[PDB]
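Student: Below are the structure tokens for one structure; questions will follow.
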Amino acid sequence: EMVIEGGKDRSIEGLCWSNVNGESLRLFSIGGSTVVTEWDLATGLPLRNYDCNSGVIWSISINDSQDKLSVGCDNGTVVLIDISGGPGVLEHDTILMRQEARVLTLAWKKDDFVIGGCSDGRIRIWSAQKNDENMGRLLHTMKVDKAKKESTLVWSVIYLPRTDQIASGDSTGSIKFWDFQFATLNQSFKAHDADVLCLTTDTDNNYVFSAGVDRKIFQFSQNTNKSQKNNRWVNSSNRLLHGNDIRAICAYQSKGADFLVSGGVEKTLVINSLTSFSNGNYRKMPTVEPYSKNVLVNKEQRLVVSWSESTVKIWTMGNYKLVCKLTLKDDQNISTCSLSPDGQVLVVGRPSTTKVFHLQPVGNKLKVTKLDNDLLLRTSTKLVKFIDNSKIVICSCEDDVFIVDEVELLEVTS
Amino acid sequence: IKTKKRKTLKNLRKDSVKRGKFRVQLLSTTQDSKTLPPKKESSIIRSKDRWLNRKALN
Amino acid sequence: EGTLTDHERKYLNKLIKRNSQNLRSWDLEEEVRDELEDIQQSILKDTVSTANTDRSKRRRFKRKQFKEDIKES
Amino acid sequence: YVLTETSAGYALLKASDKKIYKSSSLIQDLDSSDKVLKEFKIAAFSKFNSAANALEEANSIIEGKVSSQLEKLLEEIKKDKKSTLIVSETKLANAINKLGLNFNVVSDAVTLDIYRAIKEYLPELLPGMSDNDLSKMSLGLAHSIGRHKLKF
Amino acid sequence: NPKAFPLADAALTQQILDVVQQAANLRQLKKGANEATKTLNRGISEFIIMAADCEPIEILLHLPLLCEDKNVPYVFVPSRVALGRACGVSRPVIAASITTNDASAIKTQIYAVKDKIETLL
Amino acid sequence: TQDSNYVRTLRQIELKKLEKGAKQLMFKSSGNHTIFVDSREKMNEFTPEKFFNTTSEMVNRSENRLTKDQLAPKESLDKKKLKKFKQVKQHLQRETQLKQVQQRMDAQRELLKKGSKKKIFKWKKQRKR
Amino acid sequence: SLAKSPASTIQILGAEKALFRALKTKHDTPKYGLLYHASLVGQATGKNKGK
Amino acid sequence: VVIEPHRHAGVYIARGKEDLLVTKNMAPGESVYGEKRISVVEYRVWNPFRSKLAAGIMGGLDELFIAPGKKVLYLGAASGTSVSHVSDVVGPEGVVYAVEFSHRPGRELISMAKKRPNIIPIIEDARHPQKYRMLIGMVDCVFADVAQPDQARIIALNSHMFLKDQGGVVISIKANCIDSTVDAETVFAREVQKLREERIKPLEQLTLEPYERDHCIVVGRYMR
Amino acid sequence: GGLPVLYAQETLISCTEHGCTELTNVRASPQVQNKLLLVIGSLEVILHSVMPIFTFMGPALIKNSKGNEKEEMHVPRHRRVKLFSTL
């Protein structure tokens, strides 16, 4: 349904949800650099962009009961950020004890212990609990097994609450199941063949699904009663599903739904049945289900407009000729870009600044002439749809509707 | 007609260079970096992508 | 507010030139300021030794380059 | 009307301005008072300056730096029984402590704007004391209970 | 032990006690609290390690003040008998300063430890 | 001839004299400076020295740069300033020389304490009981 | 700024002029200084007051 | 032996046998951390090496908001040694609001502000202007030397609760106390992006190189 | 006080009895009524002379705006009464 697109030269390598009981669901995502961007879920705009005080952010992990948040910087720090007071509010609470490793992945246990795997090999366990004498201090630096020809670095670590363990996955494939109290290795697996990049579990931790860079997603189990009497994990099932990679995974359960969703560097989205991983009928998603469309056509001049990111390309039919290609540098994150019922007026949308050109076809190339519409350039546009050949309608990012070259609507209950 | 186009594009898109002894950086419009907050730190995300396209794996 | 600049321009330019020549003559010497600058540079380099801090920051930057470069040793 | 409990000189002092509630505080910097407009709009209500003594200084320090249940603050609070309306505080903890006896305390993000507006033009009109007298009485309280309650 | 500000973790405690073992091997440290303050005043100390295990902690935390005046790195360790057995003396020492010699054979591990100490403030 | 016990006190005398001579010395600033301006018409024409509202000759100095409203015994100064800098540098080479003398003399005194030693100068690792 | 001082200078805090002339000539530095008028180094006898 | 005025009203340069930065006296007859006095009326020198505002001054600012009649807040007040000369250049009819959290230097601050009646010291943290409210009103500049890494949040909160409009913000940031292993110009770019996001309009910055390594002074106006 | 704020608001709404006002004013309400009279004269000659004779016997902005209203406003006798009541 909803796309929130940021334009040229910005990424996201981590995000998480916050849903306290009774208030608005919020996304906290990262960019490439040192800001937790708290997005709105109203109209696709970042309502807060907390520049975190330390380093360059590498991973978020929300806390249970959703009042605290952990980010892991690159100088070595792990920063706790308090988020309480509904939306818009973000305050730095504390940074925990520094070290000299690029902190790669974080996960809470409860409101108390933050487990963080770091780029030396070691996974460390900081404590951060109110009213207790060791706040901000770590407790243990458990150490994963290294390799000589390559810097081994743990890419992910999650907590397992039923059997009080932490699962770690690293850059030798060695998925290791550490015990939490007494802080050492319960068991190990050299199951994978290359860098393990993510993993997850279910709500009562009978399963751990790991997935790496050689795309072999496999599922360790603890299902039988004697295996949970021993609380020991087996290397139960394997599955290859992908073409190139996995770079993230997630799982969900209910009493009517239970499935795993994974994705990698081939751009699709693969869904398996969770509790029946060896049995389940998986499903591949198509790489584009363009419910916000990206290419428009028009029957004057038999032409097709195709707008990529911050770039449009127009051609026409007859063979054909790739007529013209425009790039825009003030426009960064593209949106709907609709043409007139004439080969003249092209409106290109961006939720900050949206522009209009008119088009002189001089034959084998076009000529594009910008025209200043400043009410348009200062409003925010989600849909531009061309009522008549000169005047257009515009939706708003604030639930209004106007006419360019005014409109009312009725309210709706909440 | 060969490189004057990208040269004048560079000399309009870059920030200013040291006049005299000291330098001067510009300051962008605040109504640009308010809907897409960071810039991706290329010098470390190229590091993570280099590690994932390591030569040790193939 | 007026800035008449007919006699005021000449008087202000002459007074500014004389006072700027006085304040520039208060300084030592443009030729002899090569030895004093070298002595100050050596005294700073042996008193405020920040080369150790620079090498320490260089080591702290070299220890976090993820080492796809072989650690063969 | 206006209910802003500015503790500036030696104890509490209520602000009787010529405007409306936190919506008018959201219009306050929109009007951009900043001047003789603010100096004519604001006016005093009641300043409960007990003494410049160490005891009154320590009691008002405990009030404005902890749970603000001091006797002078409660006595200035029990002097507006006509509506038991919404007041504008500064600190969240002092606002929560003031919201415990028959009022409606509030402090949100434009309270600091009206507090800037009255810290600029406070000693001109509201207490009547001279600016140098407040600049020295603040030094006295700062050395007395700014030090000795916190430093040992 | 609330006034014991920064005290090291397990792995950092282990690596600084191995580097103080190598320092006692090479005879490049001065041990004891009063000797530590002597070498701090005459300004030779690379860094200071101090044991947060003595019955006053104020027997040692007087050298943090001039250590902060002279910007030297300093760090606590939770065991004075560990300091003693790692420094090479049959009695439990309290503090140990490592003196400065750029022509050592342990210069690089001393400096890596010094960065790991000055990073946690 | 003398001692570590003498040379230490001499070096401390001289080190304190050096640091409170550098307390009265003054050094020239350096390194950079950066002015932040709104984007266009300050990139088109660069910012000159005249942003400072001063004269054009008196901007290279990192010290006092008098503006126009505030702007509107010949060899002895330079020879005493260079002699004072020469004196501080002479103090500094005296510091380094006394440091290396105390270094070698303290090593020569330390070599005769005890220890199962061997010239490679390292000690047998056994703790002094 | 007395607590930030070692045991050796708390020992010899008094007789510093005999200390420094003994250092800058070749003699032997003193050992009591200002603590000599305390109640215990008078109780000791011999060089036991030095120890 | 000859006093010559500086760009800012309150700070002079002593020329003569040697040239050095110098400022006037509020408490006559006595030094406060061991520095030289020059009496030609007495003045007290103040070196760039153990201060940061002084090394910024000898680097050369453009429009410094330290004024000899206006009020200046110092946050991150070290144990004397900078607030003395800030008090001197503010002068008698002004005031300098020193504030400092850690109360082992609090004894030095209390004892020195007893001697000069132009400082007022506050011992609460630099993070709670709600706490050290009730005693400050509408300062005319703020100057920070906080070493804690959330410098922008600290000076932002203290400024827009305390600093009036078109009030100066001058900060001494240090690279390593906020973000080590990344270079100085990169971390100053990051800090000035944080500042401009907190709408303190940054005029100018410099790195104050040969007096003290790897810091920066950022000056700017506050635009509410 | 509230009627003075009402008078200032009504004057601002018009721009968007002075003898009785001065009589009840002299018989912070005084400064508010003075500023209200100054605003009413800003946005009336013999009443202004009686108001000068009453207001000379009694802040800063009210006196400055009364000076503005007086300069907006025989003249030797009015200036003599004003200066003699000031001195």
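Note that each Cβ is placed from the backbone with ideal geometry, even for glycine, and that neighbours are counted across all protein chains shown. Rule-based calculations on the coordinates, nothing more; no lab input.
Quick grid of which residues meet (1) within 12 Å of chain H (Cβ to nearest Cβ); (2) closer than 29 Å to H:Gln193 by Cα; (3) among the hydrophobic types (A, V, I, L, M, F, W, C); (4) more than 31 Å from the chain's Cα centre (by Cα):
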residue	(1), (2), (3), (4)
F:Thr9	no, no, no, no
F:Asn32	yes, yes, no, no
F:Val37	yes, yes, yes, yes
F:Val59	yes, yes, yes, no
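Student: Let me ask something additional. At least 2 residues that are among the small types (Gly, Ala, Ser) and surrounded by 14 or more Cβ atoms within 10 Å (Cβ to Cβ) in each: list the strands (runs of 3 or more DSSP E) lying fully within region A:207-319 that qualify.
Tutor: Strands (runs of 3 or more DSSP E) meeting the threshold: A:207-212, A:234-240, A:248-253, A:258-263.
Student: Taking D:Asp80 as meeting all but one of (1) within 14 Å of another protein chain (Cβ to nearest Cβ); (2) over 27 Å from H:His128 (Cα atoms); (3) acidic (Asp, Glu); (4) crowded, with 16+ Cβ neighbours inside 10 Å, write down the number of the exception.
Tutor: It is condition (1) that D:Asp80 fails.
Student: So, one more: Every residue in region H:134-170 that is in a strand (DSSP E or B), within 14 Å of chain D (Cβ to nearest Cβ) and of a type in the set (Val, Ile, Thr), please.
Tutor: Matches in region H:134-170: H:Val139, H:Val142.
Student: I'm trying to understand the selection: among the residues of region F:75-129, which are of a type in the set (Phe, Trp, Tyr) and either part of a helix (DSSP H, G or I) or surrounded by 15 or more Cβ atoms within 10 Å (Cβ to Cβ) (or both)?
Tutor: Across region F:75-129, the qualifying residues are F:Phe85, F:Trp123.
Quick grid of which residues meet (1) within 27 Å of the chain's Cα centre (by Cα); (2) in a helix (DSSP H, G or I); (3) charged (D, E, K, R); (4) away from chain A (no Cβ under 14 Å):
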| site | (1), (2), (3), (4) |
| --- | --- |
| C:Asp6 | no, no, yes, yes |
| C:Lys14 | no, yes, yes, yes |
| C:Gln21 | yes, yes, no, yes |
| C:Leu28 | yes, no, no, yes |
| C:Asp38 | yes, yes, yes, yes |
| C:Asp54 | yes, yes, yes, yes |
| C:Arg59 | no, yes, yes, no |
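For every residue, the table says whether it meets (1) within 13 Å of chain A (Cβ to nearest Cβ); (2) outside any helix (DSSP H, G or I); (3) among the basic types (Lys, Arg); (4) closer than 18 Å to A:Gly31 by Cα.
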site	(1), (2), (3), (4)
B:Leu12	yes, no, no, no
B:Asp15	no, yes, no, no
B:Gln25	no, yes, no, no
B:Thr29	yes, yes, no, no
B:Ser33	yes, yes, no, yes
B:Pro38	yes, yes, no, yes
B:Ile44	yes, no, no, yes
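Student: So H:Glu191 clears everything in (1) within 14 Å of chain F (Cβ to nearest Cβ); (2) under 30 Å from B:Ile44 (Cα atoms); (3) within 17 Å of the chain's Cα centre (by Cα) except one condition, right? Which one?
Tutor: Failed condition: (3).
Student: Now, a different point. Any residue at all in region B:24-39 that's in contact with a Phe, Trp or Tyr (Cβ under 7 Å, 6 or more places away or on another chain) and of a type in the set (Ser, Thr, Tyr)?
Tutor: no
Residue-by-condition table, conditions (1) within 30 Å of A:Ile125 (Cα to Cα); (2) surrounded by fewer than 19 Cβ atoms within 10 Å (Cβ to Cβ):
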site	(1), (2)
E:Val20	yes, no
E:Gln28	no, no
E:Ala33	no, no
E:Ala36	no, no
E:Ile49	yes, no
E:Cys54	yes, yes
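Student: Quick one: which strands (runs of 3 or more DSSP E) sit completely within region H:34-104 and have at least 3 residues that are in contact with a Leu (Cβ under 7 Å, 6 or more places away or on another chain)? Reasoning before the result, please.
Tutor: Values: elements: H:37-39, H:42-45, H:72-75, H:96-99.
Ranges flagged: H:96-99.
Student: Let me ask something additional. Which condition breaks for H:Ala55 when tested against (1) out of contact with any helix residue (DSSP H, G or I) (no Cβ under 9 Å at 6 or more places or on another chain); (2) more than 9 Å from every other protein chain (Cβ to nearest Cβ); (3) more than 30 Å from D:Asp133 (Cβ to Cβ)?
Tutor: (2)
Student: List every residue pair whose Cβ atoms lie under 6 Å apart, where the two residues are 6 or more positions apart in sequence or sit on different chains, the first residue falls within region D:32-54 and is more than 14 Å from chain I (Cβ to nearest Cβ), and the second residue, located anywhere, is surrounded by 15 or more Cβ atoms within 10 Å (Cβ to Cβ) and among the hydroxyl-bearing types (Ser, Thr, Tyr).
Tutor: Partner pairs satisfying both residue conditions: D:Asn49/D:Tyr10; D:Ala52/D:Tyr10; D:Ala54/D:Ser144.
Student: Also: Give the residues of region D:62-71 that are closer than 13 Å to D:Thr6 by Cα and either in a helix (DSSP H, G or I) or not polar (S, T, N, Q) (or both), sorted by residue number.
Tutor: First, pick out the residues of region D:62-71 that are closer than 13 Å to D:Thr6 by Cα: D:63-64, D:68.
Residues satisfying the conditions are D:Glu63, D:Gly64.
Student: Let me spell it out: the conditions are (1) of a type in the set (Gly, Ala, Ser); (2) in contact with a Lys or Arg (Cβ under 7 Å, 6 or more places away or on another chain); (3) under 29 Å from C:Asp27 (Cβ atoms), and H:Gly106 meets all of them except one. Which number is the exception?
Tutor: Going through the list (1) of a type in the set (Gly, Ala, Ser); (2) in contact with a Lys or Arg (Cβ under 7 Å, 6 or more places away or on another chain); (3) under 29 Å from C:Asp27 (Cβ atoms), H:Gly106 breaks only (3).
Student: Can you find, within region A:357-396, the residue that is surrounded by the fewest Cβ atoms within 10 Å (Cβ to Cβ) among those that are assigned to a loop (DSSP other than H, G, I, E, B) and of a type in the set (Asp, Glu)?
Tutor: A:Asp372
Student: Restricting attention to region D:126-142, and to residues there that are surrounded by fewer than 19 Cβ atoms within 10 Å (Cβ to Cβ) and part of a helix (DSSP H, G or I), which single residue is nearest to the other protein chains (Cβ to nearest Cβ)?
Tutor: Checking each candidate, the answer is D:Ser135.
Yes/no per residue for (1) farther than 27 Å from E:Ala36 by Cβ; (2) away from every other protein chain (no Cβ under 14 Å); (3) touching a helix residue (DSSP H, G or I) at 6+ places or on another chain (Cβ under 6 Å):
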residue	(1), (2), (3)
G:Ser1	no, no, no
G:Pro6	no, no, yes
G:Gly14	no, yes, no
G:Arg21	yes, no, no
G:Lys26	yes, no, no
G:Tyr32	no, yes, no
G:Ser39	yes, yes, no
G:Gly42	yes, yes, no
G:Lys47	yes, yes, no
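Student: Report yes if D:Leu55 is aliphatic (A, V, I, L, M), closer than 28 Å to H:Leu163 by Cα and out of contact with any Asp or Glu (no Cβ under 9 Å at 6 or more places or on another chain), otherwise no.
Tutor: Here the answer is no, as D:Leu55 does not meet what is asked.
Student: If you take the residues of region A:84-102 that are more than 8 Å from every other protein chain (Cβ to nearest Cβ) and in a loop (DSSP other than H, G, I, E, B), which of them is surrounded by the most Cβ atoms within 10 Å (Cβ to Cβ)?
Tutor: A:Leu96
Student: Could I ask something else about it? For region E:90-100, does any single residue satisfy the condition of being at the interface with another protein chain (Cβ under 10 Å from one of its Cβ atoms) and small (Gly, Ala, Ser)?
Tutor: yes
Student: Of I:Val50, I:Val39, I:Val5, which residue is assigned to a helix (DSSP H, G or I) and more than 25 Å from D:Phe45 (Cβ to Cβ)?
Tutor: Being assigned to a helix (DSSP H, G or I) and more than 25 Å from D:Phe45 (Cβ to Cβ) holds for just one of I:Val50, I:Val39, I:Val5, which is I:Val50.
Student: Restricting attention to region B:46-54, does a residue exist that is within 30 Å of A:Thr353 (Cα to Cα) and within 19 Å of the chain's Cα centre (by Cα)?
Tutor: Within region B:46-54, not a single residue is within 30 Å of A:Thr353 (Cα to Cα) and within 19 Å of the chain's Cα centre (by Cα).
Student: Restricted to region H:183-224, and to residues that are surrounded by 22 or more Cβ atoms within 10 Å (Cβ to Cβ), in contact with a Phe, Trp or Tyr (Cβ under 9 Å, 6 or more places away or on another chain) and hydrophobic (A, V, I, L, M, F, W, C), which residue is farthest from H:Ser51 (Cα to Cα)?
Tutor: H:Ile200
Student: Go through region E:49-81 and give me each residue that's touching a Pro at 6+ places or on another chain (Cβ under 7 Å) and part of a strand (DSSP E or B).
Tutor: E:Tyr74, E:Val75, E:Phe76
Student: Filter region F:83-119 for residues that are of a type in the set (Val, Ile, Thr) and more than 10 Å from every other protein chain (Cβ to nearest Cβ) and give the result. Give the derivation first.
Tutor: Initially, region F:83-119 is screened for residues of a type in the set (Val, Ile, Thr), giving F:88, F:96, F:101.
Within region F:83-119, F:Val101 is the sole residue that qualifies.
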